[PDB]
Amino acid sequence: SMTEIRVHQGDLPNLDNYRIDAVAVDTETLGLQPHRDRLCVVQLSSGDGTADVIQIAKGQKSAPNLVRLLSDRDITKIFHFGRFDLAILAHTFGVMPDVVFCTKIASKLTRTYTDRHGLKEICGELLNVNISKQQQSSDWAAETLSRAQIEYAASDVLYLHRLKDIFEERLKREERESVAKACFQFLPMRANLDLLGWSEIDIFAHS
């Protein structure tokens, strides 16, 4: 709840809550096209049940404490569908995180019995946790976010550590750890390809 959500303008005040080896990251934007739709919110969690919700201003190009986390190679950044978050973060702040774990890719490599790899479905199946998608289609650029917006934004990062632990168990069980690591290693370049103009192209397809 709000007792464990901290809301910031522009950047984290410091990294006191992020002296950790992995951080859960998500974004909210005005849409899915980074060259048109600005970054509006960045959400973080340490995995301790709290979240930081950082409002990004129009035209903002810097956030040194957040960007230090994104650049710190000793901290794994956990995303759900990091392909998008990596693109908007690199586009906005000029830094592409390069140590990452993605729960969507992990799901596609382990939940081979379904085609539903969205966060809501994964949190339901793996954690019995209910995620509401209601605030996803809202004005994330508003000067003041609603309480429902803040709690929705925070819920997208509160569970990614636990999902990562379970997916790592499954990847070990099915002997796919090196496959997953190679996908994660390429994911920042997949994001770059999107920013450069190949967002509709599977670069590995025959045609």
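Note that residue numbering follows the sequence shown and begins at 1.
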Mean B factor on CA atoms, stretches 137 to 145 and 40 to 48, record says higher is 137 to 145
Regarding 15 to 23 and 182 to 190, which shows the higher C-alpha temperature factor on average in the entry? 15 to 23
Between 116, 91, 104, 83, which one tops the list for C-alpha B-factor in the PDB entry? 116
Top Cα B-factor in this entry, restricted to 160, 30, 150, 63, sits on 150
Would you check the entry's CA temperature factor for residue 68 and let me know if it's in the chain's lowest, middle or highest third? lowest
Among modelled residues of the same chain, the CA temperature factor third for residue 203: lowest
How does residue 112 rank on Cα B-factor within its chain, lowest, middle or highest third? middle
Record-listed C-alpha B factor of residue 35: chain third: highest
Taking only the Cα B-factors deposited for this chain, tell me whether residue 172 sits in the lowest, middle or highest third. highest
